[PDB]
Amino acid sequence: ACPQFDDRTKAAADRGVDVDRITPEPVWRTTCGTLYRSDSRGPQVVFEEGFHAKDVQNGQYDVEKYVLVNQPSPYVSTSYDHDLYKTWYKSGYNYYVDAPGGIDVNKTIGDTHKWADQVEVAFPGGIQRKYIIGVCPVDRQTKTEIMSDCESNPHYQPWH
């Protein structure tokens, strides 16, 4: 149902992430369900580039510090929660992700911190475009997906 890979950065769009720098000790996600990412960039950009991390070389490698205060980091955030997009003022787009691995944030840093209801999975080195299923645009006023205008990613490559 869900293959496991020894490469902890299999999903990454940025190949140069050093997992030895990750702190604290990561607990890696081992399931393969759909994850979600709000991102204001539209699909003709995201489907082409994937989700690159902001600062792989010199960003905030401590997951706890990154989660508590957004800052440039080697991580791209996603959520187990389809509906997390509703908590954004301007989500723009709810991207659907089918990618192996990632750091399970609440398993790594606990589920009592500020923001634990984001049920986050942080991808070191981001998420290459072949692991992005598609997207639904989000209507800001109603905080709902505009389901008739969802789109598939032509580069999505199923792997399980």
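For every residue, the number given is its place in the sequence shown, counted from 1.
Legend: mean Cα B-factor per stretch from the PDB entry, 50-58 versus 100-108; the higher mean is in 50-58. For the pair 114-122 and 23-31, the record assigns the higher mean C-alpha temperature factor to 23-31.
Annotation for 9, 152, 148, 144: 9 ranks highest, by Cα B-factor. In the deposited entry, the Cα temperature factor of residue 69 sits in the top third of values across the chain's modelled residues.
Ranked within its chain, residue 94 lands in the lowest third, by CA B factor from the PDB record.
Sort the chain's modelled residues by C-alpha temperature factor and residue 44 lands in the highest third, per the entry.
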